[PDB]
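K.L.:
No sequence on hand, only this structure:
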RNA sequence: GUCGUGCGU
Ligand SMILES: Nc1ncnc2c1ncn2[C@@H]1O[C@H](COP(=O)(O)OP(=O)(O)O)[C@@H](O)[C@H]1O
Ligand code: BEF
Ligand SMILES: [Mg+2]
C-alpha cells in the first residue's frame, strides 16, 4: 500500500518535471553573443565529470553547467550553420506567469508550415524599425541586430481564417519586452529544437528518484552472480553463440542492476543483445531497447523481424514497436513503426449542424487513434527506439513500467542520454558498447575538455571491468589486420572461417579486392559558406564509376540489394553523393545502395563499404576530426567483405594515423590510384595521368 | 570545426 503509493509518486515526479528553470536560465542568454560560453561567469564554475559522485545534488551541480554549455554551443552552431526562413508576427496581450511572460501573436498558417514551427521549438525575436520589406531577411540580419530575445513556442492553435495563435514564453527581466507593444511587428526566426535538451534536463532533475541512482552515482555495477555452466552451455547451443557471448548473456540476465558488455565491432554485440532479449522473453514483461542513432534502432528492428530464439531453440516472433516518425525510420521497418501499426489497427443552421457533426467525427477518430495506440503499446513486448525518443510523451502519459532496459552503443551517447530511458522504473539495465568507437557527438570542445563527452559506459568500465568479447565474426581477416594490430594492439581474433565465407567473385578482379586504398591524384573539396562542410565531386564520380563497373561485371550474377554502403564523414558530402548517385543510376540507389556518415553509420553492417575521405586537398594541411583514431576505427569496421577507401594520399599522409594506414596498405600492395575515368579505356587522359604519377 | 537528435497533430 504505502510502498505502491511511494512508487507511484516517484514515477509521476520522474515523468512530470518542472521545466521552468531550464527556460529561465537559457532565455537569459544573448542570441547575438559571439562566445564559447553562455555568459561571462568565471570558468572555475565548470568542473570535470567526477568519477565518483557523493550524492545526487553533487551530480546535478556538476552536470548542469556542462548541459547549459552544450545547449549554448548547439544554439550557436544552429545560428551559424543552420539558416531557417525568418518570419514576422504581430505582438498581442502579454500574460504574466511565474518569472515569465507569455505573448500571444497571430501568424499565417502557410508561414508556420513553411518555417516548420512546432510546440517544442525555440525562436529568436528582433525589432527592426529600419528593415525594408522588399529587402531579403535572413539570420545575418538577426546577428547584426542588437535587440534579440529568445522565446519558446509554448503552443500553436489554429483559429478561423487560417490564422495561428502562437504563444511565446520569454523571460520577464529581458529588456526586449519593452519593444513588445500591442499591434507591433516583430521579426522571429527559429533557432533549434529543445525537445532533446528538455528531456535531458528532466532526466537530470529526476535522477534523484531513479531506482539505480545509487549505482549511477557510485558508478559501481552490481557484482557478477555465479551461474551454473550447464545453463551457459545450453544458451550457447540454443543460440549458436560462442562461450564468451553465452557467459556474458547469462551473467547480465542473472544479476540485476547495471551490466556492461564490451565487444569490438563484429563480435556479435547486436547478436548478443538479441540473445539477451530472447532469453529474457523465454524466462507480462516488456523490454525497452534504446540506441543513440536511428540506424542502430533500425538494424535491431530488422534483426528482430527475422525472429527470436528461445532456450529450447524454437524461433518465435514477438510484437515489436518502433517509437519514432516514419521519415527518420528506415523504409524497410516502416511497417514496424508505431504510427503504421495504429493505422492498421483502425485506419446557416444546416451548416452549423454539419460543422458540429464533422467536429464530433474528428474527436471520435482521435479517441480511436488514442485507444489503438494504447492497445499497441500495452500488447507489445519489445519497444525499440532512441535515447532521445525513449522519453516520448506517449510513453510517459501511458505510464507503463519497463523493468528491463538495453542501451546499444552506450559509448556513443552522453551520461544524460543513456540515463533518459531509465526514468521508467528501470531496475535492470544492460549497456553494450565498445570504447574505441566514436564518442558522443558533442559540438563543444570545452565541454569535452570537462569530460562531458565521456559516456556513462566509459565511467562504469573505469570503475569495474565489463564482460569482454575478443572474438569477431564479421570483418574479413585481411581488413581486420590493421584495425586490430593498431587500434586494439591485438586482443581481437578472427573467426575460424571468415576468409572462406567472405570470398566473393569480384575479389578475383584486380581493381576490386577485399581491402583496397584508392588515391585521388587530382581532387579538391570546397567548404560550404554556411554549413562549413567540405565536399569534393571527384570522389563522388570515382565512387559512381566503381559502382557502375561492379554492377556491369556482376549485374545479374549477384544482387546488391542492401549490400553496398557509402560512408562519408561530412553530411554535405553524403548528401551530394546521394544526389549524384540518384541522378546517374536512378531509383536503384534507394535499395541497391545506401549513403550515410561514419557516426550515423556506426553499428551498421554491409557487404561492401566505400569510405569517402572529403579532405582531398593537400593545401589545407589539416585532416580534421578524422585524425582521431575512433573515427578511423568505426569507418574501417563497417566492411564485411570489401572495403574501398577514397582519398588523397598527400593530404592524408600528413597525419600520423593516416600515414601509418597508407604505409600498411603499401606493405600489402593494397594501395591504388584513381581519378576521373580511370576505369574507362576510352578516357586515355586518366591512363596518362596514372602513368605520369607512377 | 564540424560529426547527431526529438515528435505527428
Ligand atoms: N557464433 C556465431 N556464428 C556465426 N556468426 C556469428 C556468430 N556471432 C556473430 N556472428 C556474425 O557476426 C556479426 C556480428 O555483427 P555485430 O558485431 O553485431 O555488428 P556491430 O558491431 O555493428 O553491432 C553478425 O552479423 C553475425 O552474423
Ligand atoms: F562495435 Be560495432 F561497430 F557496433
Ligand atoms: Mg551492435
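P.N.:
Looks like it arrived, so ask away. Numbering: from 1, shown residues only, chains lettered A, B, ... in the order given. Ligands and ions are numbered 1, 2, ... in the order given.

K.L.:
Residue A:159: how many residues sit nearby?
P.N.:
10 (other C-beta atoms under 10 Å). Quick note: C-beta positions are derived from backbone N, CA and C, even for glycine.

K.L.:
For the closest residue to it other than its chain neighbours, give me its contacts.
P.N.:
Closest residue in space to residue A:159, ignoring its immediate chain neighbours: residue A:165 at 5.5 Å, by C-beta to C-beta, 6 or more residues apart in numbering. Residue A:165 sits next to A:104-106, A:156-159 when contact means C-beta atoms under 8 Å, 6 or more residues apart in numbering.

K.L.:
does residue A:165 sit in a helix, a strand or a coil?
P.N.:
strand (DSSP: H, G, I helix; E, B strand; the rest coil).

K.L.:
measure it to ligand 1 for me?
P.N.:
Relative to ligand 1, residue A:165 is positioned 47 Å away (C-beta to the nearest ligand atom, to the nearest Å).

K.L.:
Just list whatever residues bridge to that residue.
P.N.:
residue A:106, residue A:157 (DSSP bridges).

K.L.:
quick one: it from residue A:428, how far?
P.N.:
46 Å (C-beta to C-beta, to the nearest Å).

K.L.:
now swap in residue A:213 and tell me
P.N.:
For residue A:213, the distance to residue A:428 - C-beta to C-beta - is 15 Å.

K.L.:
Chain A against ligand 3: which residues are in contact?
P.N.:
A:269-270, A:603 (C-beta under 5 Å from the ion).

K.L.:
helix, strand or coil for the residue in the stretch 1-150 of chain A that ligand 1 sits nearest to?
P.N.:
Proximity of the stretch 1-150 of chain A to ligand 1 (C-beta to the nearest ligand atom) peaks at residue A:49, 26.2 Å away. Classification of residue A:49 using three-state DSSP returns coil.

K.L.:
Kindly list the longest helix within chain A.
P.N.:
What stands out as the longest helix in chain A, according to DSSP state H, is helix A:349-379.

K.L.:
Within reach of ligand 1, which of the contacts of residue A:165 are there?
P.N.:
Contacts with ligand 1 are made by none of the contacts of residue A:165, judged by C-beta under 6 Å from any ligand atom.

K.L.:
Most neighbours of all the residues you listed, which one?
P.N.:
residue A:105 (23 neighbours).

K.L.:
What distance do you get for it to residue A:216?
P.N.:
Between residue A:105 and residue A:216 the distance is 42 Å, computed by C-beta to C-beta.

K.L.:
swap in residue A:11?
P.N.:
Residue A:11 sits 18 Å away from residue A:216, going by C-beta to C-beta.

K.L.:
of those two, who's got more company?
P.N.:
residue A:216 (22 against 18).

K.L.:
Chain neighbours aside, what residue packs nearest to the more buried one?
P.N.:
Nearest non-adjacent residue to residue A:216, counting by C-beta to C-beta, 6+ apart: residue A:419, 6.5 Å away.

K.L.:
so the one you found sits right up against residue A:203, yeah?
P.N.:
Yes. At 5.5 Å, residue A:419 and residue A:203 qualify as touching, with contact defined as C-beta atoms under 8 Å.

K.L.:
State whether residue A:79 and residue A:190 are indeed in contact, as I suppose.
P.N.:
No. At 10.6 Å, residue A:79 and residue A:190 do not qualify as touching, with contact defined as C-beta under 8 Å.

K.L.:
hang on, the earlier thing: is the residue of the stretch 1-150 of chain A closest to ligand 1 in contact with residue A:451, as I believe?
P.N.:
Yes. Between residue A:49 and residue A:451 there is a contact under C-beta under 8 Å: 4.0 Å.

K.L.:
Look at those two and report which has more neighbours.
P.N.:
Using other C-beta under 10 Å as the criterion, residue A:49 and residue A:451 rank with residue A:49 on top: 20 against 17.

K.L.:
Pull the contacting residues for the more buried one.
P.N.:
By C-beta under 8 Å, 6+ apart, the neighbours of residue A:49 are A:62-63, A:66, A:415, A:450-452, A:454, A:459.

K.L.:
about what we covered before: any chance of the contacts of residue A:165 in CSV, with distance to residue A:683 too?
P.N.:
Output for the contacts of residue A:165, formatted as CSV (distance: C-beta to C-beta, whole Å):
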residue, distance to residue A:683
A:104, 65
A:105, 60
A:106, 61
A:156, 56
A:157, 61
A:158, 58
A:159, 63
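
K.L.:
all helices for the stretch 101-250 of chain A, in order.
P.N.:
Remark: helices assigned in the stretch 101-250 of chain A by DSSP state H, counting those that start in this stretch are A:109-115, A:139-144, A:195-206, A:213-218, A:229-239, A:243-254.

K.L.:
Looking at these, spot the one closest to residue A:650.
P.N.:
Evaluated over those, closeness to residue A:650 peaks at helix A:139-144, with 36.2 Å, by C-beta to C-beta.

K.L.:
what helices or strands is that closest one leaning on?
P.N.:
Helix A:139-144 is packed against helix A:56-80, strand A:121-126, strand A:185-193, with contacts defined by 3 or more C-beta pairs under 8 Å, 6 or more residues apart in numbering; DSSP states H and E.

K.L.:
Which residues does the second one contact?
P.N.:
For strand A:121-126, the surrounding residues in contact (C-beta under 8 Å, 6+ apart) are A:26, A:31, A:75, A:89, A:117, A:141-142, A:145, A:147-153, A:168, A:170, A:176, A:186-194.

K.L.:
tell me the angle of it relative to strand A:185-193?
P.N.:
150 degrees (axes from the mean of the first three to the mean of the last three C-alpha atoms, to 10 degrees).

K.L.:
anything in strand A:121-126 near RNA strand B?
P.N.:
No. Using C-beta under 7 Å from any atom of the strand, strand A:121-126 stays clear of RNA strand B, with a minimum separation of 8.2 Å.

K.L.:
buried stuff in that strand?
P.N.:
A:121-126 (16 or more other C-beta atoms under 10 Å).

K.L.:
Please determine how far the residue nearest the centre of chain A is located from residue A:577.
P.N.:
Closest to where the C-alpha atoms of chain A average out (C-alpha atoms, centre = their mean) is residue A:293, at 3.0 Å. Going from residue A:293 to residue A:577 by C-beta to C-beta gives 19 Å.
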